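Peer 1: Below you will find the structure I want to go over with you.
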Amino acid sequence: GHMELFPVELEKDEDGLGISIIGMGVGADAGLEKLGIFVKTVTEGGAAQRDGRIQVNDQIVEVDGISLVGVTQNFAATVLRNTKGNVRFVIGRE
């Protein structure tokens, strides 16, 4: 396939996302080996799993324009915490 870097402007609740990430440096094998921040969990539905474009098996490339390409789970969890209702998840996946 092709790695689609896609923007997802999610319209979440006033709480936020209620999602979780996982920091696991991806041994991409290709040589690039990008950020290993995958989505760990998502809220039971909210508007995220009820949105449909975003998944719990995806990988956070850039949220809110913060470009967390190569960060730890601390950084990433912070980003997905700092978010509000309207979030621009620029996730990229094949």
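Each chain of the structure tokens is named A, B, ... in the order shown, its residues numbered from 1; ligands are numbered from 1 in display order.
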Got a sec: who's within 10 Å of residue 44 (chain A), counting only C-alpha atoms, leaving out chain neighbours fewer than 6 positions off, as a compact mmCIF listing (two decimals) with N, CA and C atoms, in the first residue's frame?
Peer 2:
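Result written to selection-v4.txt:
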```txt
# COMPACT_ATOMS: atom_id res chain seq x y z
N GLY A 18 -10.02 11.13 26.03
CA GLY A 18 -10.10 9.98 26.87
C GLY A 18 -9.43 8.81 26.22
N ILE A 19 -8.39 9.09 25.44
CA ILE A 19 -7.69 8.04 24.75
C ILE A 19 -6.30 7.86 25.34
N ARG A 50 -16.85 6.41 17.68
CA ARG A 50 -18.10 6.65 17.04
C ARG A 50 -17.94 7.56 15.83
```
Peer 1: Please list as a ChimeraX atom specification every residue within 7 Å of region 66-70 of chain A, counting only C-alpha atoms and excluding residues in the same chain fewer than 6 positions away.
Peer 2: /A:34-36,76
Peer 1: Would you mind exporting the chosen residues as a PDB file, in the first residue's frame, restricted to N, CA and C atoms?
Peer 2:
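Resulting contents of selection17.pdb:
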```pdb
ATOM      1  N   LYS A  34      10.125   5.436  12.229  1.00  0.00           N
ATOM      2  CA  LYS A  34       9.458   6.622  12.697  1.00  0.00           C
ATOM      3  C   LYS A  34       9.063   6.489  14.169  1.00  0.00           C
ATOM      4  N   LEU A  35       8.283   7.451  14.636  1.00  0.00           N
ATOM      5  CA  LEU A  35       7.709   7.444  15.950  1.00  0.00           C
ATOM      6  C   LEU A  35       7.006   6.111  16.206  1.00  0.00           C
ATOM      7  N   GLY A  36       7.089   5.643  17.396  1.00  0.00           N
ATOM      8  CA  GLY A  36       6.455   4.417  17.726  1.00  0.00           C
ATOM      9  C   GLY A  36       5.286   4.637  18.626  1.00  0.00           C
ATOM     10  N   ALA A  76       3.709  12.184  24.158  1.00  0.00           N
ATOM     11  CA  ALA A  76       2.502  11.894  23.407  1.00  0.00           C
ATOM     12  C   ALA A  76       1.250  11.901  24.284  1.00  0.00           C
TER      13      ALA A  76
END
```
Peer 1: What are the closest atom pairs, with distances in Å to one decimal, for each residue of region 66-91 of chain A lying within 10 Å of region 23-33 of chain A, using only C-alpha atoms, rows by chain and rising residue number, as a tab-separated table?
Peer 2:
```
residue	atom	partner	partner_atom	distance
A:70	CA	A:25	CA	8.1
A:71	CA	A:23	CA	8.1
A:72	CA	A:23	CA	5.7
A:73	CA	A:23	CA	4.5
A:74	CA	A:23	CA	8.2
A:75	CA	A:23	CA	9.5
A:76	CA	A:23	CA	8.1
A:77	CA	A:23	CA	9.2
```
Peer 1: Export, as a PDB file, in the first residue's frame, the selected residues with C-alpha atoms.
Peer 2:
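Saved to out.pdb:
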```pdb
ATOM      1  CA  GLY A  70       9.870  10.470  17.567  1.00  0.00           C
ATOM      2  CA  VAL A  71       8.683  11.261  21.045  1.00  0.00           C
ATOM      3  CA  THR A  72       8.083   9.167  24.094  1.00  0.00           C
ATOM      4  CA  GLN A  73       4.814   8.093  25.526  1.00  0.00           C
ATOM      5  CA  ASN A  74       5.161  10.871  28.132  1.00  0.00           C
ATOM      6  CA  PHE A  75       5.217  13.503  25.484  1.00  0.00           C
ATOM      7  CA  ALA A  76       2.502  11.894  23.407  1.00  0.00           C
ATOM      8  CA  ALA A  77       0.178  11.235  26.389  1.00  0.00           C
TER       9      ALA A  77
END
```
Peer 1: Would you please give, as a list in words, all residues of chain A that DSSP assigns to helix (DSSP H, G or I) based on the backbone?
Peer 2: residues 73, 74, 75, 76, 77, 78, 79, 80, 81 and 82 of chain A
